[PDB]
Every structure is written in C-alpha cells, then in structure tokens.
Asks: 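First, the structure itself, so that you have it in front of you.
Chain letters run A, B, ... following the sequence lines, proteins first and then strands; every chain starts at 1.
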Amino acid sequence: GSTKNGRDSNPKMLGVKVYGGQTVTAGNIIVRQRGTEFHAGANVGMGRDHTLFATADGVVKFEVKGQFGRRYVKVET
Amino acid sequence: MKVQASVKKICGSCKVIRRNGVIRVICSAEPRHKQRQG
Amino acid sequence: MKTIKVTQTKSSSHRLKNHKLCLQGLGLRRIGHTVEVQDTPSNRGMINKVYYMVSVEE
Amino acid sequence: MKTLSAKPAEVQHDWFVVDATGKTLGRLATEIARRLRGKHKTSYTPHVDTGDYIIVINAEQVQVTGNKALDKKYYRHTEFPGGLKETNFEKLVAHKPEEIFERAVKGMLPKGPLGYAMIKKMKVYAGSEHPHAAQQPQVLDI
Amino acid sequence: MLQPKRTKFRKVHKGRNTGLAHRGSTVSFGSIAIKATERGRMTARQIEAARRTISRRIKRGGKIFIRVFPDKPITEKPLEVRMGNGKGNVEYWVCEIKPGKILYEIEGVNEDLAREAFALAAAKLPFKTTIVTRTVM
Amino acid sequence: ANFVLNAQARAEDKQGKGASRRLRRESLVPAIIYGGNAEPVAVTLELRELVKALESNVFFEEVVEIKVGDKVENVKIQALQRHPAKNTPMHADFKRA
RNA sequence: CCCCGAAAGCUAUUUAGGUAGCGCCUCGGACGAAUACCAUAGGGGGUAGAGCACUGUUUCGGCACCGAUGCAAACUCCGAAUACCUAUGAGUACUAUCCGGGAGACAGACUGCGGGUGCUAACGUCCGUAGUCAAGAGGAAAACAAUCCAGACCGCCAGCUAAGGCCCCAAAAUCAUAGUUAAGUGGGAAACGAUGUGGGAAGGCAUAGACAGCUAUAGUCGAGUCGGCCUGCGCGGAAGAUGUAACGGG
Ligand SMILES: [Zn+2]
C-alpha cells in the first residue's frame with residue numbers, strides 16, 4: 001500500500017536575537033516569538049506579529065516581575 | 001539410563017557422584033533413576 | 001612573577017580542535033618540547049584542558 | 001665494513017652429548033635449538049651456521065606434564081582423499097622417540113635450506129649408547 | 001491478556017532501556033514479593049502464564065497483586081516484504097522491566113508455599129529473579 | 001544501651017560521589033546526623049554493624065548511641081537508602097533524640 | 001623540480017551518474033590584530049534525569065469522589081552538565097575582513113557517541129556529532145583501507161622512547177615478590193545443574209558426650225560436625241561436510 005503521512009512545514013527561525021547585557025540601537029529586534037512569551041518594558045515596543053523591538057539606544061535587560069510572574073524585556077539608556 | 005543436562009536427586013535412595021568429569025545419579029533400589037551428564 | 005615548565009608528552013595529531021589550539025596558545029610545537037609559561041589562571045585553564053598529554057614542573 | 005660476518009671455512013663445530021632422562025621436552029628443545037643455531041657464540045651470523053653437534057641419549061625417557069602423555073596428538077596427512085592418520089604421545093614415544101625430538105626441534109628451527117642443514121647436527125638414540133665415540137663428545141647438562 | 005482500553009497514539013518509538021528502578025522496588029501491597037534483578041522486556045502472555053502458575057500452585061488460598069502492566073505497543077512487518085513503505089502494524093504489547101522492579105506480591109499465604117510458587121514462576125520468565133519480604137525501613 | 005554504633009569522621013575530601021563509591025568499595029557506609037542545637041555531622045559506619053543492627057526490630061524504636069572518638073551522640077534512625085536490586089544499605093540519616 | 005592544497009554539502013532544475021548560485025581550494029591587491037585559544041562577568045532555554053500539578057493511561061481498597069501504587073516522542077509542578085551569544089583581560093599564534101583572476105567538486109566509506117526505520121538482524125538504511133581512509137607511508141593487531149601508536153626534505157653500520165612485548169621460529173627477564181587454576185581453562189557459545197577448590201559474615205549443636213554406622217530411646221565408639229548466604233577461579237550444557245584447522249606454529 002502506501003502511507004498517508006509525509007508532510008511538514010518550512011522552518012520559521014524563531015527565538016531570542018539579542019541577549020542580556022548586549023548593546024542595541026533603536027529598531028533592533030530582540031525577540032521573535034509566536035506568542036507573548038516575553039512582554040515589553042520601558043523603551044520596548046511590540047509589533048503586530050508579537051515581535052519585540054527596541055525604541056531607544058541602550059543595554060538590554062531581562063527580568064521577572066508582577067503578580068502573574070511573567071517575563072519582561074527592557075532597554076536601559 | 002537417562003542422559004540430560006539437569007540431573008537431580010529424586011528420592012532418598014539416590015546419590016550424586018562425579019566419575020572422571022561426568023556427573024551421575026545412582027539409585028540403590030531403583031535401577032531406572034540412573035542419570036548422566038549435566 | 002613565578003614561572004612553570006610544561007612539556008608535551010603525547011601526539012596531538014588526532015585530538016580535538018580546541019585541544020590543539022590550547023597547545024598552540026601555550027606554545028608547544030612537538031612531542032618532547034618544553035616551554036616556560038607564566039603562572040596565571042588563563043594559562044592554567046589551557047593546561048588543565050590538555051592535562052592528559054602534558055607534564056607540568058612547578 | 002667494520003662489522004664482520006663469520007666465515008664458514010673458519011667455523012668450528014664442537015660435539016656434546018646430552019641425556020634426556022627425566023627432563024621436560026619443550027624446555028630441553030629450546031636449549032637444543034639455541035645451540036644448533038649458534039646463538040651462544042659471539043661470532044653468531046644469521047646467514048651462517050655456527051652451531052654445535054648435539055647427541056641425545058635415552059630419548060625415550062623424555063617427559064611431559066599434565067595429561068599430555070595421553071591427550072597430545074600427532075597428525076599426518078597422506079595426499080589421498082580422507083587420508084588423515086593420528087597417533088598420541090605415549091605410543092609415539094614407545095615406537096619412534098626420534099620422531100618426537102625431530103618434530104620438537106624442527107618446529108623451533110628456521111624453515112629453509114639453512115634450517116635443514118642445521119637440523120642435521122642432532123643425533124638422537126633411544127638407548128644409552130651412541131656410535132660417535134670417535135668424535136669425543138663432552139657431557140653437557142641442559 | 002492485559003492491554004490498554006484506549007490509546008492516544010497507535011505506534012511508538014523504540015527508545016532505549018537504561019537506569020535502575022528506584023520506584024516500584026518496595027513491597028507495599030503484600031507480604032512476600034518476587035523482584036527482577038536485571039533488565040528486559042516482559043510480554044502479556046508471559047505475565048499471564050506466571051500468574052496462572054502461581055495461582056494454581058497456591059490453590060487460591062491468598063491474594064496475588066500484579067504490579068506490571070503492558071502499555072507499550074510493538075510492531076513487526078508482516079513477512080516477505082522489502083524495507084520501506086511505512087511502519088508496521090501492532091502484534092503484541094509489552095512492559096519494560098528495570099533491575100529492582102517488583103513483579104508479583106503475595107499476601108495471606110505461608111512463606112514456604114509462596115517461595116515455592118515463585119520458584120515455579122521463575123522458570124517461565126526471561127530474566128533473573130529474587131525474593132523479598134516486607135520490612136520496616 | 002542496646003546499640004552502640006562505632007563511627008568515624010567523614011570530611012570534605014571524603015564527601016562526594018567518587019569518595020562515596022570508594023568508601024562503599026572499602027565496605028563502609030556514609031551517614032549523616034542532624035538534630036537541634038547543632039549543625040549536621042557527617043560520619044562513616046561499618047556495613048557489618050549496620051546490617052546486624054537493621055535485623056533487629058527494636059533498633060528502629062530504641063535510642064542508639066553513635067561513638068566517634070570521645071564524642072557520643074544519642075540519636076534515632078530516621079531514614080535508610082537501599083540499593084534497588086542488590087538491597088545493600090547505602091546511606092543513613094539519624095536524628096538526635 | 002619547488003610551494004599550497006579540496007569536495008562528495010545546501011538550494012533549484014522533464015532533475016536525480018548533467019548543470020547553475022552559495023559553502024570548501026589556489027594566486028594578486030588592499031588592509032592589518034578589528035581574529036582565535038583560555039580566565040572572569042552578564043544572558044535565554046525546556047533536552048538527560050525526575051514527577052504526577054494539566055492531557056491520557058494502570059492496579060488495589062473506602063464511599064463521579066477519597067487513600068495508596070506505576071507509566072508517556074507528539075504529558076509537565078520541576079530541571080542540569082555541555083553547547084550558544086555579549087564585554088573585559090595575560091600569554092601565544094601575520095590571524096580576521098574586503099576587492100579581483102583561476103579551479104575542482106555537488107556516487108562517499110568505516111568506527112565511537114545521541115536517535116528514526118528494521119528483528120535493540122545485516123560489511124543494511126536515513127539524520128546530528130567527532131576521528132581515520134578518500135588524498136598518508138612507518139611500528140602493533142598472524143595475514144587485515146576505515147582499530148591503537150604515530151604524520152615520511154635527503155644521508156649515517158650513533159642514541160632515547162610510544163602502542164606492543166622479553167622460552168624458540170624472532171629483538172629484549174626461563175627476572176623478583178604474594179596468591180589462584182588442573183580444566184591445555186588459557187586458546188568460541190546461553191537458560192539451567194551439580195559438585196570441585198580460595199576468601200568473607202552470620203547461625204544450630206557438642207566429651208553432664210552431638211554427627212555416620214553397628215548392637216539392645218540407650219550405648220560398649222571419642223570432638224568436631226549439620227544446614228545455609230555473599231564472593232575469585234574452574235566443570236557439564238557443546239552436532240557438518242577437503243586435511244589437524246576455535247593460542248600463527250613449536
Ligand atoms: Zn532414586
């Protein structure tokens with residue numbers, strides 16, 4: 001006979017692009033994510049596809065905050 | 001005489017001996033309990 | 001500043017790339033070759049990574 | 001050319017007689033092979049024969065350990081189909097001890113014309129007497 | 001023949017059997033237990049045969065607790081077939097056995113009868129066994 | 001009174017996986033004693049003594065005296081770890097009584 | 001004659017033993033430490049393991065629930081070592097990047113580790129990762145591309161060593177100390193069986209006389225002995241065709 005499987009989708013290259021302690025410029029993308037695994041803090045904007053980008057020049061920092069305990073990424077000038 | 005890899009005592013009239021590198025079971029009263037090898 | 005002698009005791013032909021680079025950074029170039037190096041953590045790391053094919057005289 | 005090889009013409013072969021009563025076959029055969037090849041002389045040359053003549057007496061008293069006397073098998077094949085013939089140490093020592101010593105020594109000697117020539121210098125006899133009184137052999141304990 | 005009533009997926013990967021059994025090595029539902037000492041695979045038919053032997057020989061004078069359940073399907077290609085063309089079909093179910101894994105416990109019968117029955121059962125298993133008893137600590 | 005286990009001193013160089021395996025090869029069992037009014041104490045015991053004590057049922061309820069040099073600690077057996085297959089004791093936890 | 005020195009991958013193709021761009025090689029120019037190894041500092045994770053708090057599944061009990069117990073690539077309340085990114089620094093290495101001229105190559109193989117497929121079969125097949133062969137001689141493994149040691153500029157009848165070895169074929173100890181084996185085990189093969197022999201811990205009994213036997217519970221007998229557990233080395237289980245042929249030989 002034959003098999004009904006044998007299909008897959010092309011890769012999407014998701015994940016973190018700039019790690020904590022690094023330097024960024026305004027407009028640099030920091031996180032590529034399907035959902036909001038990370039949220040935006042100061043000087044970080046969110047795109048329509050949930051991408052996180054930097055709106056200011058500085059140093060990236062990750063943190064855990066809030067009652068929900070969700071993770072935030074921000075830029076320090 | 002029964003030749004088998006597993007030879008064991010059957011009754012109290014049996015005896016296990018080793019003759020020239022071969023294990024044997026010999027029974028006094030019963031001549032059918034004779035076992036060889038194993 | 002103290003110094004330490006290091007001698008290569010085995011071949012490096014079929015070892016890992018980082019291990020060969022550690023030999024190069026220490027300055028060893030062939031079996032039996034001995035060098036004098038400064039006693040610092042930076043050099044000690046390279047020596048420890050290739051401990052199995054070197055001899056250290058303190 | 002400062003290193004020199006022995007000259008066959010200048011070689012001297014000395015005669016010795018050995019008694020095999022009570023000794024172990026292989027440990028005797030090793031020494032016999034050494035002396036036949038000439039490893040015991042400072043003039044030893046691989047391509048020259050510098051050994052000594054070795055007579056063996058009381059060859060049928062040679063001994064083996066363990067159960068080898070019964071369980072050591074000698075084979076020989078006639079080139080005809082199915083022609084494999086077998087014997088054991090006790091029968092062979094009773095019948096032809098010379099063959100026992102010949103096998104033991106030829107196994108330990110080199111294989112070639114030089115080896116064949118070297119093995120000619122061994123004389124084996126089952127009795128206590130040998131016919132080589134003229135050569136005046138000396139007693140050697142090995 | 002024990003088999004899961006329902007399953008999420010029909011076919012599973014082969015995997016590898018390693019490690020020891022730190023869980024399931026303690027007698028907890030009875031007095032006297034039979035425990036494996038090496039690793040392997042135990043089939044449902046083997047489980048049933050061992051249980052039947054033990055029950056027959058103890059004459060249903062106590063309670064047997066079974067602590068192995070086959071939940072891993074196994075597939076084989078039918079026959080006369082070349083390599084490729086997809087995975088095979090399920091033919092039987094098995095359970096992974098690690099050293100220290102308890103297989104059967106007996107409660108309510110005497111030590112001699114229980115041990116002798118376990119001796120009968122061991123002749124059908126594909127791996128070595130040993131006998132243990134309840135203990136305080 | 002009933003049980004006086006003779007223990008040694010188990011130090012930092014003797015702690016760790018390699019040291020523990022070496023000790024068990026030398027037929028010794030690492031153990032820990034933890035209780036109030038003091039910090040934990042790491043010790044080593046003898047396998048034969050531990051096995052003999054474990055057989056008795058009163059060992060679990062009665063108080064035990066652990067002797068390390070001049071010091072004596074009155075404790076009770078708190079936990080025991082056993083090899084899954086061979087069943088040999090491997091580690092013991094004692095609580096000061 | 002001298003110098004350097006690959007690849008058998010990705011993507012696309014009426015494409016699959018062809019070809020094109022990229023990756024890998026070489027030469028020139030420009031440019032030079034902006035590079036690499038290691039140490040320290042900062043950073044994300046959901047794999048090994050483990051667990052049942054979601055999903056599914058399993059057994060035993062008391063009232064869909066509660067107590068106990070077990071499992072999972074497409075389960076997770078958890079969670080490493082490594083690997084990866086960034087900054088600073090000692091030492092050692094003409095490294096890293098750009099522009100241009102010329103290519104070859106796009107049929108790989110074995111082995112170790114993590115896996116799918118297969119029968120936890122194949123010198124089988126398909127991925128990731130490291131080594132060797134390819135394109136690499138020398139020594140060892142009897143003979144043996146892919147295993148171990150090791151990288152051949154030329155000459156020496158000089159010396160020291162690696163893997164492996166020192167009774168003879170054949171270079172070097174019939175070397176030294178303390179034990180084990182009797183099976184030529186060494187020098188092919190399991191479930192299982194039973195006695196061999198060495199070592200360790202424990203237990204029953206005993207000249208108010210046990211234990212094997214022989215005589216009317218006794219005793220004319222006179223000290224060890226009965227039964228087990230954990231371990232070292234051995235034994236049987238073991239049948240094929242050309243000729244000993246399962247230590248290379250002695
Ligand atoms: Zn009988």
Asks: Does atom CG (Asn67(D)) have a neighbourhood of more than 12 heavy atoms from anything else shown, all under 6.0 Å?
Replies: no
Asks: What pairs of nitrogen or oxygen atoms, one from the protein and one from nucleotides 59-63 of chain G, lie under 3.5 Å apart?
Replies:
unit_1  : atom_1 : unit_2   : atom_2 : d
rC60(G) : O3'    : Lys63(E) : NZ     : 2.7
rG61(G) : OP1    : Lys63(E) : NZ     : 2.5

Asks: Pick north or south for the sugar of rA216(G); the rule is positive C1'-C2'-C3'-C4' for north, negative for south.
Replies: south
Asks: Which sits closer to the 5' end of RNA chain G, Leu84(D) or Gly45(C), going by the nucleotide each is nearest to?
Replies: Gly45(C)
Asks: Should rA16(G) be tagged north or south? The rule is the sign of the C1'-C2'-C3'-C4' torsion.
Replies: south
Asks: Please name the nucleotide paired to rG46(G) by Watson-Crick or G-U wobble geometry with both distances under 3.5 Å, or report none.
Replies: none
Asks: Within the structure shown, what part of the strands sits under 4.0 Å from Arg6(E) by heavy-atom distance: base, sugar-phosphate, or nothing?
Replies: sugar-phosphate
Asks: Quick one: are the six-membered base rings of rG219(G) and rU220(G) within stacking range, meaning centres under 5.5 Å apart and planes under 30 degrees?
Replies: no
Asks: Report the C-alpha separation of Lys5(C) and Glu36(C) in whole Å, then their side-chain angles, then the decisive distance to 0.1 Å, and conclude whether the salt bridge (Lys or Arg N to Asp or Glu O under 4.0 Å) test is met.
Replies: CA-CA 5 Å; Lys5(C) 274 142 199 33; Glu36(C) 238 185 59; 2.4 Å; yes
Asks: Does the ring of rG186(G) sit north or south, if a positive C1'-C2'-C3'-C4' angle means north and a negative one means south?
Replies: north
Asks: Kindly check if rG179(G) and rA178(G), neighbours in the strand, have base rings whose centres sit closer than 5.5 angstrom and whose planes are less than 30 degrees apart?
Replies: yes
Asks: If you measure from NZ on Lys72(E) to NZ on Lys14(E), what distance do you get to the nearest 0.5 Å?
Replies: 9.0 Å
Asks: Output all residues satisfying salt bridge (charged side-chain N to carboxylate O under 4.0 Å, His left out) with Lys39(D), sequence neighbours left out; order by chain, then residue number.
Replies: none
Asks: Rounded to the nearest 0.5 Å, how far apart are CD1 of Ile54(E) and CD1 of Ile106(E)?
Replies: 5.5 Å
Asks: Going by the sign of the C1'-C2'-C3'-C4' torsion, is the sugar of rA103(G) north or south?
Replies: north
Asks: Side-chain donor-acceptor pairs under 3.5 Å in residues 34-42 of chain E, sequence neighbours left out?
Replies:
unit_1   : atom_1 : unit_2    : atom_2 : d
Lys35(E) : NZ     : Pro84(F)  : O      : 3.2
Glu38(E) : OE2    : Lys128(E) : N      : 3.1
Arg39(E) : NH1    : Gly19(E)  : O      : 3.1
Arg39(E) : NH2    : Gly19(E)  : O      : 3.1
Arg41(E) : NE     : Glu96(E)  : OE2    : 3.4

Asks: Given ring-ring contact (aromatic ring centres under 6.0 Å, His included), test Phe62(A) with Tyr19(A) step by step and report yes or no.
Replies: CA-CA 8 Å; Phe62(A) 284 88; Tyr19(A) 291 90; 7.7 Å; no
Asks: Among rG118(G), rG250(G), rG243(G), find the nucleotide with the atom closest to the side chain of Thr30(D).
Replies: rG250(G)
Asks: Could you say whether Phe38(A) or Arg10(E) is positioned toward the 5' end of RNA chain G, judged by the nucleotide with the nearest heavy atom to each?
Replies: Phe38(A)
Asks: Tell me yes or no: do the six-membered rings of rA122(G) and its strand neighbour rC123(G) sit under 5.5 Å apart at centre, with planes under 30°?
Replies: no
